[PDB]
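Nothing in this text is a laboratory measurement; each read-out follows from the coordinates by a stated rule. Ideal geometry is used to build each Cβ from the backbone, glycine not excepted, and the neighbour counts take in all protein chains shown.
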Amino acid sequence: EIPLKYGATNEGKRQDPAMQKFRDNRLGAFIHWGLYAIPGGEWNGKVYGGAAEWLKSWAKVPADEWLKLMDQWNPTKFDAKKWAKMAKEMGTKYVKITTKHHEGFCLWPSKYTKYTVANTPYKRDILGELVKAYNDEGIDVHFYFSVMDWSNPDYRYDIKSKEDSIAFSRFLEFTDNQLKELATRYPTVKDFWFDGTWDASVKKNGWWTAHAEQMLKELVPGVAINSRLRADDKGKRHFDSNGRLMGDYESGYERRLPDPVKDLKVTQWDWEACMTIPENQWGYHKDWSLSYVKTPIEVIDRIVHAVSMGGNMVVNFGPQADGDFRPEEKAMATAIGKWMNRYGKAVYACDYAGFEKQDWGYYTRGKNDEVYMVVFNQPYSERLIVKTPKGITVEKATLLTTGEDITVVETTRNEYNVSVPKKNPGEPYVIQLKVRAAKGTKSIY
């Protein structure tokens, strides 16, 4: 039992309506947009395979010369209403936007630095326009914010002298100033998702992370803050030295989701995964043939996976320099939206069902105790195994899309075969189960 001033604050999951909304949303989109979209992974003739948003680093570009990319920031095809229509049609209930990435360029007209949209040919407050457009479509907006900033000389990677400490202190002042600014210009913000918080400097300043969390919660009622922000008194990040989760939800699982058999611990807190369509490209990269690019079904599989274990999933997009989306991303959003329109009752506002994982796919649980079977892998046996928790029985099964009744055969105490539909749906599909919890056997139902 280690005593701590800047360790965890929340007892269990938050159950206030704004957290319920953050959670019930389930499906988000990420936007990574900034100066990196101009060179798109290429610099001085060399195409770099690393993440396009890190190209300043891959190509060893000095800050002064990286930031002169602002002179070419002119996204004439940008239209925030079109971006919000795209998100709505994909079935997202929220969008997270890079307000400022590591390069330090701000997508709003910050009064605290010259490296902003204000000082580009385009001049306009892109951040404000997107906030309005998404909110007009009924889509919540979350702000990604990089603490690490390659544009501000005051930033330190570690505190190695009194000078470093004085310097980093003003940098933290500067960071609070931008945070207050985003919270006061854009009060409909629902979440701040921090990044670039892993350096020794930040870990040494745990108190500052707790302060930022508190500051923003005073400024924006109900606002959510990701675990990635937080370091405790010992420099321990995400979960404090007593294993307790800091911030409002766990953020991680980029490129590997929690294991549905081994990582059931995650159902005990709120959490959010974010993913890329290629293997590791968040900002726009001009050449997607360099790594594996996920198909719509592989993405939909990850989204349902997340919801089945009590978490959110956010699919990333890296808009072109011009303010439009490349065709792969338009195809992806469309394909996702088509499936979500059909099967979304087993994703939106669903949660962990407390059933043993089976091979055919994933269970999710609705707000009224519906139990959905989302089938990704069709058994040649024509039978979907359903093993129930103690005291739970399956009274009915129904194909979601048509309401057709589906046979359920009991095979042992607590196990059934649910038949596959008479006609193969030809895509990942949903069977809704009606279940009954027996009088006073303890269970989550």
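Can you tally the net charge around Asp351? Count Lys and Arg as +1, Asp and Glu as -1, for every other residue whose Cβ sits under 12 Å from the Cβ of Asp351.
+1
In the chain, what % of DSSP beta bridges are antiparallel (nearest 5)?
Here the share of antiparallel DSSP bridges comes out near 55 percent.
Under the √(5λ) rule applied to the eigenvalues of the Cα gyration tensor, what semi-axes describe the equivalent ellipsoid of segment 349-437? Give them in Å, descending.
18, 15, 12
Taking Cα pairs under 8 Å and at least six residues apart, what relative contact order does the chain come out at, in percent?
Computed value for the chain: 17 percent relative contact order.
Send over the Kirkwood Rh of segment 316-373, from the inverse of the averaged 1/r over different Cα pairs, rounded to one decimal Å.
About 13.7 Å, per the Kirkwood formula over Cα pairs.
Sort 19-26, 53-60 by packing, meaning the average of other beta carbons within 10 Å per residue, with the highest value first.
So the order, starting with the most tightly packed, is 19-26, 53-60.
Take the cross-link list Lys46/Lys160; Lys82/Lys190; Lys96/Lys217; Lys60/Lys286; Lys68/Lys88; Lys81/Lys265 and give me the ones stretching past 28 Å between alpha-carbons.
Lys46/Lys160; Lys68/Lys88; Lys81/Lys265
What is the angle, in °, between the Cα long axis of helix 126-136 and the longest principal axis of the Cα atoms in the chain? Nearest 10 is fine, range 0 to 90.
With both axes taken from Cα atoms, the answer is about 30 degrees.
Less than 18 Å from a label point 7 Å out along the Cα-to-Cβ axis of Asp233: which backbone N atoms in segment 193-212 qualify, by residue?
Only 203-212 pass the distance filter.
When the Cα centres of segment 202-247 and segment 102-152 are compared, how far apart do they sit, in Å?
Cα centroid to Cα centroid, the span is 23 Å.
Tell me the angle of helix 296-308 to the major Cα principal axis of the chain, expressed in degrees between 0 and 90 and rounded to the nearest ten.
The helix 296-308 is inclined about 80 degrees to the chain.
With r defined as the distance between the Cβ atoms of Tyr112 and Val261 and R0 fixed at 60 Å, what FRET efficiency is calculated, to the nearest 0.05?
For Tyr112 and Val261, the calculated efficiency is 0.80.
How many angstrom lie between the C-alpha centres of segment 373-445 and segment 292-318?
Using only Cα atoms to place each centre, the spacing works out to 23 Å.
Could you calculate the contour length gain from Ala438 to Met215, that is, 0.36 nm times the residue separation minus the distance between their Cα atoms, to one decimal place in nm?
Going from the current span to full extension adds 75.6 nm.
Assigning unit charges at the beta carbon (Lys, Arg +1; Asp, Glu -1) and nothing else, what dipole magnitude in debye, to the nearest 20, does the chain show about its Cα centre?
660 debye
May I ask for the net charge around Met215, where only other residues with Cβ less than 14 Å from the Cβ of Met215 are counted and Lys, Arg are +1 while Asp, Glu are -1?
-2
Give me log10 I(q)/I(0) at q = 0.08, 0.11, 0.12 Å⁻¹ for the chain, Debye formula, one equal scatterer per alpha-carbon, no solvent.
-0.49, -0.89, -1.03
So how tilted is helix 206-219 from the main axis of the chain? Cα-based, degrees 0 to 90, rounded to 10.
Between helix and principal axis, roughly 80 degrees.
Excluding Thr402 itself, calculate the net charge of residues whose Cβ lies under 15 Å from the Cβ of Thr402, where each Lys or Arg counts +1 and each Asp or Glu counts -1.
Summing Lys/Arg as +1 and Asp/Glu as -1 gives +2.
Summing -39500 (n - 2.57) over the DSSP H runs of n ≥ 4 in the chain and dividing by its residue number, what mean residue ellipticity at 222 nm do you reach, to the nearest 500 deg cm²/dmol?
-7500 deg cm²/dmol
Please give the contour-minus-distance gain from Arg124 to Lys422: 0.36 nm per residue of separation, less the Cα-Cα distance, rounded to one decimal in nm.
Once the chain is fully extended between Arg124 and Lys422, it gains 101.7 nm.
In terms of the ratio Rg/(2.2 N^0.38 Å) built on C-alpha atoms, what value belongs to segment 199-343?
Normalised Cα radius of gyration, segment 199-343: 1.22.
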